[PDB]
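Just one chain follows, in the form deposited in one PDB entry, and it is written as structure tokens.
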């Protein structure tokens, strides 16, 4: 007559495998090097080749095509929009989330999605580049740094986060619970039922703590390491939103998708 925390951890893991198109095992298989291998984007020639195959509509406009950096930023946004959709369905697996008022579900997703995006991005990153386009491209870290300002400033802080996050050697069973804990933060601005959310947070963090104790017996400070990573992600998102606002004010061609504009509105 007790909560079965091991079963809850497995439920969360299975919901993560079901709802995210990319998982760390899938990513590692691709990154390791037989059908539809990723096209390597390391310079402008290879960017433009990859676009013609993978996002043909975006480059079908002739001299009306947007600048390379703006096309890349558009693809960044499309990736976020898709991951927002996956996170919204995943959150239904978190005990108590679907019982919250709709407005509180919206608030938790509003503040949590980018922290979750950057945590999970680590799974497709290595020190040399990252998988993109549903695992069909590999874009190099050096190519992204070569873009004109301000677009070269988007990804590098995310690689820096990811290299340290990946050194923790989490697997999908850990990351799924970490993402659920990100979503269940009771201190988000504007929440109505803080008390119930705090209890939901306490429950999922308890599951996470017990799971890490079992799955990582070698790293006795893994749970507090991950609490700190959650705080680091909040700062990474605040900084990312500031850069996006610079782009919005100064780059007239870099249209911001309406779903992401709403996420950013009144965020920080």
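Numbering follows the first chain given and starts at 1. Each form is matched to the other, and the largest set of C-alpha atoms that superpose within 1.5 Å is called the rigid core.
> How do 239 to 247 and 37 to 45 compare in 9 other deposited structures of this protein: which one has C-alphas farther from this form after the rigid core is matched?
It is 37 to 45 whose C-alphas lie farther from the shown form in 9 other deposited structures of this protein.
> Please work out whether 110 to 118 or 94 to 102 has the higher root mean square C-alpha deviation in 9 other deposited structures of this protein relative to the shown form, with the rigid core as fitting region?
Stretch with the larger root mean square C-alpha distance in 9 other deposited structures of this protein: 94 to 102.
> Are coordinates for residue 203 absent in a third or more of the other compared PDB entries?
No, residue 203 has coordinates in all the other entries compared.
> I want to check something about residue 62: across the other compared entries that model its neighbours, is it left unbuilt in at least a third?
Yes.
> Would you mind checking whether any residues of the deposited sequence sit unmodelled between residue 33 and residue 34, and how many (none, 1 to 3, 4 to 9, 10 or more)?
1 to 3 residues are missing.
> Do the C-alpha atoms of 193 to 201 or of 127 to 135 have the higher average B factor in the entry?
The deposited B-factors put 193 to 201 ahead on the C-alpha mean.
> Decide which of the stretches 156 to 164 and 101 to 109 has the higher mean C-alpha B-factor, going by the entry.
Averaging CA B-factors over each stretch, the winner is 101 to 109.
> Among 67, 45, 239, 219, single out the one with the highest C-alpha B factor in the record, please.
The C-alpha B-factor peaks, among 67, 45, 239, 219, at 67.
> Based on what the PDB entry reports, which of 171, 86, 187, 142 has the top C-alpha B-factor?
Among 171, 86, 187, 142, the highest C-alpha B-factor in the entry belongs to 187.
> Could you tell me which third, lowest, middle or highest, the C-alpha B-factor of residue 120 occupies within its chain?
For residue 120, the deposited C-alpha B-factor lands in the lowest third.
> Where does the C-alpha B-factor of residue 215 rank in its chain, lowest, middle or highest third?
Its C-alpha B-factor belongs to the middle third of this chain's values.
> Within this chain, which third does the Cα B-factor at residue 93 fall in: lowest, middle or highest?
Residue 93: CA B-factor falls in the highest third of its chain.
> Should residue 252 be placed in the lowest, middle or highest third of its chain by the C-alpha B factor in the entry?
Within its chain, residue 252 is a highest-third residue by C-alpha B-factor, going by the deposited values.
> Ranked by Cα temperature factor within the chain, is residue 56 in the lowest third, the middle third or the highest third?
Answer is highest: the recorded C-alpha B-factor places it there.
The form solved in complex with a partner chain exists for this protein as well; it is not shown, and the discussion that follows is about that form.
> So which of 140, 166, 88, 173 reaches within 4.5 angstroms of its partner chain in the bound PDB entry, heavy atom to heavy atom?
Here the answer is residue option 88.
> Contact check in the bound PDB entry: 92, 97 and 103 versus its partner chain, with a cutoff of 4.5 Å between any heavy atoms. Do all three pass?
Yes: 92, 97 and 103 each sit within 4.5 Å of its partner chain in the bound PDB entry.
> Are any of the heavy atoms in residue 84 no more than 4.5 Å from a heavy atom of its partner chain in the bound PDB entry?
Heavy-atom contact with its partner chain at 4.5 Å: present for residue 84.
> Residue 4 near its partner chain in the bound PDB entry, any heavy atom under 4.5 Å?
The answer is no: residue 4 has no heavy atom within 4.5 Å of its partner chain.
> With the partner left out of view, is residue 263 within 4.5 angstroms of its partner chain in the bound PDB entry by any non-hydrogen atom?
Close contact exists here: in the bound PDB entry, residue 263 approaches its partner chain to within 4.5 Å, heavy atoms only.
> Find out whether any non-hydrogen atom of residue 259 is located within 4.5 angstroms of its partner chain in the bound PDB entry, and reply yes or no.
Close contact exists here: in the bound PDB entry, residue 259 approaches its partner chain to within 4.5 Å, heavy atoms only.
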